[PDB]
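Trainee: There's a structure below that I have some questions on.
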Protein chains: 4
Amino acid sequence: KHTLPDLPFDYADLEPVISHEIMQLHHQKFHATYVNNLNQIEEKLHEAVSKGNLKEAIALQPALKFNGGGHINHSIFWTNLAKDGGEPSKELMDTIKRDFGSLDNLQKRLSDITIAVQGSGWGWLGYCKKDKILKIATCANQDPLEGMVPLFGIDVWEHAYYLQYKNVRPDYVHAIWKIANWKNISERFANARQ
Amino acid sequence: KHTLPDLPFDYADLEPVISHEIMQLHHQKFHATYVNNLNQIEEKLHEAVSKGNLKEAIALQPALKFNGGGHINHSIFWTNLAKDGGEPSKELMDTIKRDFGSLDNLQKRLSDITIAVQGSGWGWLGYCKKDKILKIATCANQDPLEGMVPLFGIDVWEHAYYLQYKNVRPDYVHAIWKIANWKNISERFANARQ
Amino acid sequence: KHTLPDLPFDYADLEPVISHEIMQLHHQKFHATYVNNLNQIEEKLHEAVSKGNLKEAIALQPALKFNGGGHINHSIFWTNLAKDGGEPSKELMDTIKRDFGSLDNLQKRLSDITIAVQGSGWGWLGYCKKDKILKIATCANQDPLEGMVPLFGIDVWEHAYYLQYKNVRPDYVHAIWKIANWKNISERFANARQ
Amino acid sequence: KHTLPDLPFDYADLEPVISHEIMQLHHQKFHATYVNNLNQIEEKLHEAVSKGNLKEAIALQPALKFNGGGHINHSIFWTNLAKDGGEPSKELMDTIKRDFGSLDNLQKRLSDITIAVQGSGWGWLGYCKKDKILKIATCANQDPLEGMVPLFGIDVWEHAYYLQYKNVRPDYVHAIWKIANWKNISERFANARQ
Ligand SMILES: [Mn+2]
Ligand SMILES: [Mn+2]
Ligand SMILES: [Mn+2]
Ligand SMILES: [Mn+2]
């Protein structure tokens with residue numbers, strides 16, 4: 001039902017920022033496994049909720065969140081990366097300046113909170129429709145970003161960088177900005193503002 | 001659809017251990033509200049799952065756990081209380097001695113962890129089917145007991161005691177043993193060993 | 001050593017919004033107990049740290065957070081309540097309009113998140129020094145507000161309202177605005193902007 | 001103050017189960033960094049607790065637990081691994097049989113819960129002094145094992161296996177039993193029983 005999306009580029013297209021092997025494992029092993037497990041979990045949850053099997057439905061929650069979140073997060077991440085992703089739209093850049101001062105400031109602040117994640121997780125730039133502002137946040141494990149529309153995510157599970165950067169998470173978080181797909185991020189921003 | 005179970009006794013039947021005013025509010029307001037909200041949340045979850053709306057389904061998890069757990073926990077709780085509880089079955093008493101040394105020891109150890117809950121929650125005596133042993137545990141808020149079969153629960157949300165005992169939670173926890181429905185607890189134990 | 005602050009009013013001075021019986025128990029039993037336990041935990045933590053007993057120091061963390069937070073939160077809370085609160089300072093009102101549109105909007109939004117706390121906890125209006133904006137948040141149990149400067153807090157532990165309002169938490173949260181000490185909240189805001 | 005312990009073997013001595021590069025980074029980068037950060041955090045905490053700077057002391061908790069736990073966990077882990085670690089002591093084997101049925105059953109059960117960790121963490125065999133039984137548990141991130149004496153730990157942060165096993169955590173968890181230092185584990189068991 002839920003399916004593994006093809007990448008919008010080939011496995012080596014993000015070198016030298018992220019290696020072919022990192023991408024191939026990340027897509028073919030991690031994302032594929034989140035999808036396969038999600039489909040199994042979702043079927044079980046459908047059954048449990050329909051039947052009012054309440055203990056079971058509650059028991060399935062951590063697995064739905066983890067595999068479902070895995071699918072949500074990685075699907076967004078692939079669209080967020082490009083060999084040549086361009087620059088923010090004028091509208092996005094103007095809003096970055098409003099809410100963070102400059103793109104430089106945003107990159108520093110998001111990189112810092114992302115680097116600081118204890119264990120596995122994600123950093124996010126998002127847009128909050130209620131307060132009409134850009135925000136930055138982190139999520140543990142595969143918890144999906146909630147409370148704001150996701151625009152740009154940075155995966156800091158060790159599987160996202162270890163083969164190439166080894167322990168040096170900061171160099172990966174800083175380098176990923178080189179392959180940020182600003183065309184996609186800008187499109188997500190435009191959609192979030194409607 | 002889920003329904004509010006009738007109490008197996010009248011609202012004043014557990015005095016002087018738990019007051020009629022505590023019991024009326026506990027069942028007619030709290031449990032009723034958990035049931036009403038549970039039915040609505042379960043409908044929204046079924047809709048999200050049916051649509052394959054993964055973010056929405058994941059977002060409803062805390063509400064299902066809280067109200068579903070509220071329903072599970074209070075349903076067990078009413079069956080666990082009696083003016084004329086009796087004493088543990090021979091097999092439950094034998095197992096209490098095997099796993100805790102004595103009933104006195106069990107009561108002290110469960111009372112202590114229950115009194116120590118920070119904020120709202122529950123203390124439980126349960127039976128672990130895998131290791132075939134009795135265990136004690138606490139749960140936060142309305143999280144249902146998982147990983148073992150619930151036998152006897154003690155609600156330490158302030159609404160369970162504040163009108164009568166005020167801040168003196170230990171007096172309530174120590175006193176609740178006088179109305180532990182050992183007939184029901186023994187039945188739950190027998191079922192857990194099947 | 002930490003000390004229980006005197007209330008800046010008598011126990012019945014906030015009637016009919018909060019009862020004298022609620023106030024007496026809240027300050028003389030709860031806050032006093034958080035202070036007494038805090039002093040003992042802080043002594044044990046200092047001993048563990050002095051000895052370099054890392055496991056022991058880490059093990060005391062939840063108790064320090066709970067009782068230390070209890071002390072921090074209630075200390076702020078008493079200063080945040082007044083029979084004659086006044087109104088927001090001109091600069092705080094201007095900032096409320098800037099960040100929430102109106103005081104009415106702020107009150108609704110904070111009341112809503114506060115009423116929604118699952119279990120025990122607090123709702124807060126705070127000021128974020130980094131982004132130089134007002135924010136609203138909730139905290140579980142006695143966790144102190146972090147990441148922003150606390151301006152106004154609403155305690156939704158059941159002990160804060162149950163004797164008077166019973167299960168009807170929304171009536172208490174809506175009513176507390178009538179005794180919000182805007183003189184103190186405005187002073188806290190001015191200090192936060194220094 | 002706290003210091004990085006030398007390994008009790010050379011970096012390549014656990015091949016082909018764990019590679020030289022994995023060990024070298026794990027010790028020289030991860031453990032060293034936990035130690036360096038711990039020392040800085042512990043100094044700050046000492047100051048904050050002495051002075052009753054309560055907000056600060058509470059703020060430092062997640063960092064003490066993470067880096068302090070990192071030091072605790074890795075220090076135990078190195079002693080738990082050996083090229084030729086021998087077999088359990090007669091006393092440990094007898095207790096394994098009592099509490100788990102067989103060593104085979106223990107290995108399956110601990111491997112399963114360890115494999116199932118969502119995100120980063122550790123699996124543990126420990127000994128509970130109160131109930132006088134072996135138990136198995138998992139811990140998130142670098143949280144140290146609490147409530148029982150640690151005997152054998154299995155690190156399933158991705159940095160512990162990714163360079164060699166890539167995504168295949170189960171093969172690493174299963175293979176690590178080949179290099180379990182049963183001499184050390186047995187000594188820890190003997191000490192825990194006193
Ligand atoms: Mn990933
Ligand atoms: Mn209750
Ligand atoms: Mn309170
Ligand atoms: Mn490690």
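All residue names refer to the structure tokens as shown: chains lettered A, B, ... in order, residues numbered from 1 in each chain, ligands numbered from 1 in order.
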Might you pull out every residue within 8 Å of residue D:186, with only C-alpha atoms counted and same-chain residues fewer than 4 positions away left off, and present them as a list in words?
Mentor: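 Everything that qualifies: residues 88, 89, 92, 151, 182 and 190 of chain D.
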Trainee: Take the selection from the previous step and output its residues with C-alpha atoms, as an mmCIF file, in the first residue's frame.
Mentor:
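Output saved as out_36.cif:
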data_model
loop_
_atom_site.group_PDB
_atom_site.id
_atom_site.type_symbol
_atom_site.label_atom_id
_atom_site.label_comp_id
_atom_site.auth_asym_id
_atom_site.auth_seq_id
_atom_site.Cartn_x
_atom_site.Cartn_y
_atom_site.Cartn_z
ATOM 1 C CA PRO D 88 30.376 -18.614 32.412
ATOM 2 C CA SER D 89 31.354 -19.692 35.932
ATOM 3 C CA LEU D 92 26.620 -17.943 36.864
ATOM 4 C CA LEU D 151 26.838 -7.661 34.129
ATOM 5 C CA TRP D 182 32.612 -14.433 30.563
ATOM 6 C CA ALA D 190 30.119 -12.796 42.044
#
Trainee: Just want the 12 Å neighbourhood of residue B:107, counted on only C-alpha atoms, with same-chain residues fewer than 3 positions away dropped. Output as a list in words.
Mentor: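 Here the qualifying residues turn out to be residues 96, 97, 100, 101, 102, 103, 104, 110, 111, 112, 113, 114, 115, 123, 124, 125, 136, 152, 154, 173, 174, 175, 176, 177, 178 and 180 of chain B.
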Trainee: Do you know which residues are at most 8 Å from residue C:121 counting only C-alpha atoms, after dropping those on the same chain fewer than 2 positions away, and could you put them as an MDAnalysis selection string?
Mentor: (chainID B and resid 119) or (chainID C and resid 117:119 123 138:143 155:157)
Trainee: Please give the complete set of residues from stretch 69-126 of chain A that DSSP, run on the backbone, assigns to strand (DSSP E), formatted as a PyMOL selection string.
Mentor: chain A and resi 121-126
Trainee: Save the residues we just selected, C-alpha atoms, as a PDB file, in the first residue's frame?
Mentor:
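Printed below is selection36.pdb as written:
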ATOM      1  CA  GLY A 121      16.927  11.977  15.375  1.00  0.00           C
ATOM      2  CA  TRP A 122      16.300  14.788  12.933  1.00  0.00           C
ATOM      3  CA  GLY A 123      16.604  18.531  12.681  1.00  0.00           C
ATOM      4  CA  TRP A 124      13.879  20.536  10.912  1.00  0.00           C
ATOM      5  CA  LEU A 125      13.107  23.876   9.413  1.00  0.00           C
ATOM      6  CA  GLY A 126       9.338  24.222   9.336  1.00  0.00           C
TER       7      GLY A 126
END
Trainee: Which residue gives the smallest distance to ligand 4 among A:158, A:18, A:191, A:130, with only C-alpha atoms and all ligand atoms counted?
Mentor: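 Residue with the minimum atom-to-atom distance to ligand 4: A:158.
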Trainee: Do me a favour and pick out the residues of chain C within 12 Å of chain B, using only C-alpha atoms, as a CSV table (one decimal) with N, CA, C and O atoms, in the first residue's frame.
Mentor:
chain,number,residue,atom,x,y,z
C,21,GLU,N,-9.1,27.0,51.7
C,21,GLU,CA,-8.6,25.6,51.9
C,21,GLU,C,-7.6,25.2,50.9
C,21,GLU,O,-6.6,24.6,51.2
C,22,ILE,N,-7.9,25.5,49.6
C,22,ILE,CA,-6.9,25.1,48.6
C,22,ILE,C,-5.5,25.8,48.8
C,22,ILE,O,-4.5,25.2,48.8
C,24,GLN,N,-4.2,27.1,51.6
C,24,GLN,CA,-3.5,26.7,52.8
C,24,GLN,C,-2.7,25.4,52.5
C,24,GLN,O,-1.6,25.3,52.8
C,25,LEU,N,-3.4,24.4,51.9
C,25,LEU,CA,-2.8,23.1,51.6
C,25,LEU,C,-1.7,23.3,50.6
C,25,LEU,O,-0.6,22.7,50.7
C,26,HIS,N,-2.0,24.1,49.6
C,26,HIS,CA,-1.0,24.3,48.5
C,26,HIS,C,0.3,24.8,49.0
C,26,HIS,O,1.4,24.4,48.6
C,27,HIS,N,0.3,25.8,49.9
C,27,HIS,CA,1.5,26.5,50.4
C,27,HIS,C,2.1,25.7,51.6
C,27,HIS,O,3.3,25.4,51.6
C,28,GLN,N,1.3,25.5,52.6
C,28,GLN,CA,1.8,24.9,53.8
C,28,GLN,C,2.1,23.4,53.7
C,28,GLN,O,3.0,22.9,54.5
C,29,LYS,N,1.5,22.7,52.8
C,29,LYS,CA,1.8,21.2,52.6
C,29,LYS,C,2.6,21.0,51.4
C,29,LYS,O,3.8,20.6,51.4
C,30,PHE,N,2.1,21.3,50.2
C,30,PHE,CA,2.8,21.0,48.9
C,30,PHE,C,4.2,21.8,48.8
C,30,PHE,O,5.2,21.2,48.7
C,31,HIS,N,4.1,23.1,48.8
C,31,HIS,CA,5.3,23.9,48.6
C,31,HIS,C,6.3,23.6,49.7
C,31,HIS,O,7.5,23.4,49.5
C,32,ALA,N,5.8,23.5,51.0
C,32,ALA,CA,6.7,23.2,52.1
C,32,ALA,C,7.4,21.9,51.9
C,32,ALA,O,8.6,21.7,52.2
C,33,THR,N,6.7,20.9,51.4
C,33,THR,CA,7.3,19.5,51.2
C,33,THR,C,8.3,19.6,50.0
C,33,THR,O,9.3,18.9,50.1
C,34,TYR,N,8.0,20.3,49.0
C,34,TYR,CA,9.0,20.4,47.9
C,34,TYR,C,10.3,21.1,48.4
C,34,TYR,O,11.4,20.6,48.0
C,62,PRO,N,16.0,12.9,38.8
C,62,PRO,CA,14.5,13.1,38.8
C,62,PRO,C,14.0,13.8,40.0
C,62,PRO,O,13.1,14.6,40.0
C,63,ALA,N,14.6,13.4,41.2
C,63,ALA,CA,14.1,14.0,42.5
C,63,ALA,C,14.5,15.5,42.5
C,63,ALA,O,13.7,16.3,43.1
C,64,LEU,N,15.7,15.9,42.0
C,64,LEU,CA,16.0,17.3,42.1
C,64,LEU,C,15.1,18.1,41.1
C,64,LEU,O,14.7,19.2,41.5
C,65,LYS,N,14.9,17.5,39.9
C,65,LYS,CA,14.0,18.2,39.0
C,65,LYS,C,12.6,18.4,39.6
C,65,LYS,O,12.0,19.5,39.5
C,66,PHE,N,12.1,17.3,40.2
C,66,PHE,CA,10.7,17.4,40.7
C,66,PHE,C,10.6,18.3,41.9
C,66,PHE,O,9.7,19.1,41.9
C,67,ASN,N,11.4,18.2,42.9
C,67,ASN,CA,11.3,19.1,44.1
C,67,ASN,C,11.8,20.5,43.8
C,67,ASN,O,11.2,21.5,44.3
C,69,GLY,N,12.0,21.9,40.8
C,69,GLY,CA,11.0,22.5,40.0
C,69,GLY,C,9.7,22.9,40.8
C,69,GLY,O,9.2,23.9,40.6
C,70,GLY,N,9.3,22.0,41.7
C,70,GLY,CA,8.2,22.3,42.6
C,70,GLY,C,8.4,23.7,43.3
C,70,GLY,O,7.5,24.6,43.3
C,116,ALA,N,-5.7,21.4,28.3
C,116,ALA,CA,-5.4,20.1,27.6
C,116,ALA,C,-4.3,19.2,28.2
C,116,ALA,O,-4.0,18.1,27.8
C,117,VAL,N,-3.6,19.8,29.3
C,117,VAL,CA,-2.5,19.0,29.9
C,117,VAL,C,-3.0,17.6,30.3
C,117,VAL,O,-4.1,17.6,31.0
C,118,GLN,N,-2.4,16.6,29.9
C,118,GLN,CA,-2.8,15.2,30.3
C,118,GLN,C,-2.1,14.9,31.6
C,118,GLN,O,-0.8,14.8,31.6
C,119,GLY,N,-2.8,14.6,32.7
C,119,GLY,CA,-2.2,14.5,34.0
C,119,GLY,C,-1.9,15.8,34.7
C,119,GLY,O,-2.6,16.8,34.6
C,120,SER,N,-0.8,15.8,35.5
C,120,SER,CA,-0.4,17.0,36.3
C,120,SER,C,0.6,17.8,35.5
C,120,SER,O,1.4,17.3,34.7
C,121,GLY,N,0.5,19.1,35.7
C,121,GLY,CA,1.4,20.0,35.1
C,121,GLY,C,1.0,21.5,35.2
C,121,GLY,O,0.2,21.8,36.0
C,122,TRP,N,1.7,22.3,34.3
C,122,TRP,CA,1.5,23.8,34.3
C,122,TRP,C,1.4,24.3,32.9
C,122,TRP,O,2.0,23.8,32.0
C,139,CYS,N,4.2,22.4,30.8
C,139,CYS,CA,5.2,21.6,31.4
C,139,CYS,C,4.6,20.5,32.2
C,139,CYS,O,3.5,20.7,32.8
C,140,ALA,N,5.2,19.3,32.1
C,140,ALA,CA,4.6,18.1,32.8
C,140,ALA,C,5.1,18.1,34.3
C,140,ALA,O,6.2,18.5,34.6
C,141,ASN,N,4.2,17.7,35.2
C,141,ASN,CA,4.6,17.5,36.6
C,141,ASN,C,5.1,18.8,37.2
C,141,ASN,O,4.4,19.8,37.2
C,142,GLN,N,6.3,18.7,37.8
C,142,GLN,CA,7.0,20.0,38.3
C,142,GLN,C,8.1,20.4,37.4
C,142,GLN,O,8.9,21.3,37.8
C,143,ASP,N,8.3,19.9,36.2
C,143,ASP,CA,9.4,20.3,35.3
C,143,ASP,C,9.3,21.9,35.2
C,143,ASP,O,8.3,22.4,34.8
C,156,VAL,N,-2.1,23.3,37.0
C,156,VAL,CA,-3.2,22.4,36.8
C,156,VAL,C,-3.1,21.0,37.4
C,156,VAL,O,-3.8,20.1,37.0
C,157,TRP,N,-2.2,20.9,38.3
C,157,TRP,CA,-2.3,19.8,39.2
C,157,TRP,C,-3.7,19.8,39.9
C,157,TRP,O,-4.2,20.9,40.2
C,158,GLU,N,-4.3,18.7,40.1
C,158,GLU,CA,-5.6,18.6,40.7
C,158,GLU,C,-5.7,19.2,42.1
C,158,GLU,O,-6.7,19.8,42.4
C,159,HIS,N,-4.6,19.2,42.8
C,159,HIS,CA,-4.6,19.8,44.1
C,159,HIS,C,-4.8,21.4,44.0
C,159,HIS,O,-5.1,22.0,45.0
C,160,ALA,N,-4.5,22.0,42.8
C,160,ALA,CA,-4.7,23.4,42.7
C,160,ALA,C,-6.1,23.8,42.5
C,160,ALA,O,-6.4,25.0,42.7
C,161,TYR,N,-7.0,22.9,42.3
C,161,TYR,CA,-8.4,23.3,42.1
C,161,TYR,C,-9.5,22.3,42.5
C,161,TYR,O,-10.7,22.7,42.6
C,162,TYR,N,-9.1,21.0,42.8
C,162,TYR,CA,-10.2,20.0,43.0
C,162,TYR,C,-11.2,20.2,44.1
C,162,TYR,O,-12.3,19.9,44.0
C,163,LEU,N,-10.7,20.8,45.3
C,163,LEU,CA,-11.6,21.0,46.4
C,163,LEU,C,-12.8,21.9,46.0
C,163,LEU,O,-13.9,21.8,46.6
C,164,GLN,N,-12.5,22.9,45.2
C,164,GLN,CA,-13.5,23.9,44.8
C,164,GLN,C,-14.3,23.6,43.5
C,164,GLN,O,-15.5,23.6,43.4
C,165,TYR,N,-13.5,23.3,42.4
C,165,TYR,CA,-14.0,23.1,41.1
C,165,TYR,C,-14.3,21.7,40.7
C,165,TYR,O,-14.9,21.4,39.7
C,166,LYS,N,-13.8,20.7,41.6
C,166,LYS,CA,-13.9,19.3,41.3
C,166,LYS,C,-13.3,19.0,39.9
C,166,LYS,O,-12.2,19.5,39.6
C,167,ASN,N,-14.0,18.2,39.1
C,167,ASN,CA,-13.5,17.9,37.8
C,167,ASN,C,-13.4,19.0,36.8
C,167,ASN,O,-12.8,18.8,35.7
C,168,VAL,N,-14.0,20.1,37.1
C,168,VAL,CA,-14.2,21.2,36.1
C,168,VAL,C,-13.0,22.1,35.9
C,168,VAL,O,-13.1,23.3,36.2
C,169,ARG,N,-11.9,21.5,35.5
C,169,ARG,CA,-10.7,22.3,35.3
C,169,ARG,C,-10.9,23.5,34.4
C,169,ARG,O,-10.3,24.6,34.7
Trainee: Would you kindly return, as a PDB file with N, CA, C and O atoms, in the first residue's frame, each protein, DNA or RNA residue with an atom no farther than 7 Å from any atom of residue C:183, considering only C-alpha atoms and excluding same-chain residues fewer than 4 positions away?
Mentor:
ATOM      1  N   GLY C  85      -4.705  42.929  40.633  1.00  0.00           N
ATOM      2  CA  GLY C  85      -3.555  42.683  39.746  1.00  0.00           C
ATOM      3  C   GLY C  85      -3.175  43.881  38.893  1.00  0.00           C
ATOM      4  O   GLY C  85      -1.985  44.121  38.607  1.00  0.00           O
ATOM      5  N   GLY C  86      -4.190  44.659  38.519  1.00  0.00           N
ATOM      6  CA  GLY C  86      -4.024  45.725  37.549  1.00  0.00           C
ATOM      7  C   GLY C  86      -4.126  45.186  36.137  1.00  0.00           C
ATOM      8  O   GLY C  86      -4.770  44.164  35.887  1.00  0.00           O
ATOM      9  N   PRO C  88      -1.800  44.802  32.163  1.00  0.00           N
ATOM     10  CA  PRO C  88      -0.447  44.773  31.604  1.00  0.00           C
ATOM     11  C   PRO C  88       0.141  46.172  31.435  1.00  0.00           C
ATOM     12  O   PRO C  88      -0.586  47.117  31.114  1.00  0.00           O
ATOM     13  N   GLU C 187       6.577  43.298  35.458  1.00  0.00           N
ATOM     14  CA  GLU C 187       7.925  43.391  36.011  1.00  0.00           C
ATOM     15  C   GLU C 187       8.818  42.270  35.497  1.00  0.00           C
ATOM     16  O   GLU C 187       9.966  42.513  35.120  1.00  0.00           O
TER      17      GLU C 187
END
Trainee: Quick one: pick out all alpha helix (DSSP H) residues within stretch 30-185 of chain B from a backbone DSSP run and write them as a VMD selection string.
Mentor: chain B and resid 32 to 51 54 to 59 61 to 79 90 to 100 103 to 115 162 to 165 169 to 176 182 to 185
Trainee: When you draw a straight line from atom CA of residue A:53 to atom CA of residue D:108, how long is it in Å?
Mentor: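 Between atom CA of residue A:53 and atom CA of residue D:108 the gap works out to 29.4 Å.
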